[PDB]
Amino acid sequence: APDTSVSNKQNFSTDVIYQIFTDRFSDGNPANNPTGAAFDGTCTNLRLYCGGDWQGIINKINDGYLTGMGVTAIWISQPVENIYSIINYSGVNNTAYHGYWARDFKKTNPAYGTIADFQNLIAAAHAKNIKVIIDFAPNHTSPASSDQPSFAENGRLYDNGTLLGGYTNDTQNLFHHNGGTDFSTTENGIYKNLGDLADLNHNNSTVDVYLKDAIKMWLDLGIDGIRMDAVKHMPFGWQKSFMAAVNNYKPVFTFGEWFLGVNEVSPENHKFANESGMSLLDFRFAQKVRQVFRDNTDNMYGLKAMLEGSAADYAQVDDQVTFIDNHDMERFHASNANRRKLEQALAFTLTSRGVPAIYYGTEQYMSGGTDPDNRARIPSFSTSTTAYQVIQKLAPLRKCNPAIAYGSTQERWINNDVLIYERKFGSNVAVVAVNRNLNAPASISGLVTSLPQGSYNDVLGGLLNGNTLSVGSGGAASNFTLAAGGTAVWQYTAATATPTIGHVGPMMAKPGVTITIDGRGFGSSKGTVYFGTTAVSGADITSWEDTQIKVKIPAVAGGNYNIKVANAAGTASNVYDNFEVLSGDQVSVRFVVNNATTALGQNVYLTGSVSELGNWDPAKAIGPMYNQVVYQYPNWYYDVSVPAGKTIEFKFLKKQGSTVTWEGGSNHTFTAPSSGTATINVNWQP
């Protein structure tokens, strides 16, 4: 099938996501609605259930609402069984309508539906070419109080109705018993509770295995992607081990939530996105779009910087999920603000790099502050708004114009208020002009593009006051005026004659797994795929088309590789880098080193005998290690993903800048478990 097909669970770049809060979309089946003091059919009390379900979702899909808009994927609330307790948070009653308070991951939330409802959901969606994504939140169970076992459901965890354990008297130690985090350090928000939420302990085998098994069920249910909650609050290594489990079974596009504040830029965030096996919600894009188009606290120059920098910081920028708002911020649209801002920001996001996500009700200009305020019931299914039409006109271009889905980004004109960018992929080009100034037009002269000579109509049809464009020879545009609040899109498409790789997924897996290579100009006859210098052809290439290739990863040694393709005639493609070949199935192991005392600005790292550990390369060492919560300095710890059942040799080191100090003696040695987790404790050899 082509790259754009609904069946492509590895690439969401040509798609447009619609983020839905199940409870607040549509109640197609009142019968499953909760009753009593947990329900509010008026949905005036934003903390109880309003009754939205899967059925309601099916209904909107079938009656043309989402399809009419151009949406091609839907992202919904965590489907698992939540707690039933109404929780009084100082006079206010709170229900689990949000689905973030899990009690059993192998069961559904009856307020949303039955498994059969779920299966119908996927069916209906699929039938209409819409992919399905679900939230997944393995960091915790529910709000619990260690000495007030009667409070809520005491963070109890079940396994398909079977009681695993509770927060009080946690002998098995399923949970963390370290107190609450003050979000002070990365280490602090990982090993402590998020408020009163029962913190799961990924280091306990039971927990480890339970979670890995739970996600398979859903995978077996046919989901197209997973949205991970609180990735920044769980151990990185465990998460990488989780990714491996998914990818080594049934790979699906996975993205996590790692909140970034205004003007915040984190290297940890980059690294996670680059090596964990999942991509992230592009908080950096979001924050910056808001400042520029909404709060007006930065200008075009700032957008431009975020664009060029992110491109450099993320190994796979096109896998970052963009948006303008979501359930964790106030609605972009403000009561009394000019709608044109929300419109401009939608246009922008839609034609920009990444995977655009639209928060339900945006197209309806919903207003609302922070939680619970940004979680109201969509008040209407009108296709008549300007926003609905914007999406409707742009969304489809992600499928038909590869420049938009996979192209580079390039600034071609700019000032404080204006920004003209060019996207390019093969013989495809898209040019976008935005004039944030709602009061002043701009004189546009000196514009050069890669567009062929000719005239171009605004793809928006003038909806946002766009205009036509006249490109002369040399792609130089003739002078024009860009109306105040003006937005225009122009484009050029044509066949690509040379193999050009636009995307790869999954990006990390063991040999034998089939990966997906999307692009253009691959031709129709099988060619060759290169993993590094190793060539793959024939049978192992399970399928080959012009825009997509499916191939089994050869049994090469664990590591990082570049991928490349060559057509049947031997013409080679561009290189796609950063593919990680695992050394085998993975397990999560806690490494602990005793008495490794450092000096300031000097940390301990870990390295060893396998690719998962850097292969003795200090530039690729794991770390820096943690040292405050679980184990206190001078003891250091760290949760690492390693090849299951393999015998491994390792050593700790002290780095400072790029200046290294090795532990003395001989490598330590250990054999990873076949499954479950383990804890290796040793002392620093001087």
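For every residue, the number given is its place in the sequence shown, counted from 1.
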Worksheet, complete the sentence: Comparing 317 to 325 with 253 to 261, the higher average Cα temperature factor in the PDB entry belongs to 253 to 261
Worksheet item: Do the C-alpha atoms of 469 to 477 or of 603 to 611 have the higher average B factor in the entry?
Response: 469 to 477
Worksheet item: Going by the entry, which of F242, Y89, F272, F531 has the most elevated CA B factor?
Response: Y89
Worksheet item: In the PDB entry, which of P643, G70, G56, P30 has its C-alpha at the highest B-factor?
Response: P30
Worksheet entry | Lowest, middle or highest third - CA B-factor, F183 | highest
Worksheet entry | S279 by Cα B-factor - lowest, middle or highest third of the modelled chain | lowest
Response to the item:
On the chain's distribution of Cα B-factors, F670 falls within the third called highest
Item to complete: Classify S5 as lowest, middle or highest third according to the C-alpha B-factor given in the PDB entry, relative to its own chain.
Response: middle
Practice prompt. Going by the recorded CA B-factors, say which third of the chain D298 sits in, lowest, middle or highest.
Written response: lowest
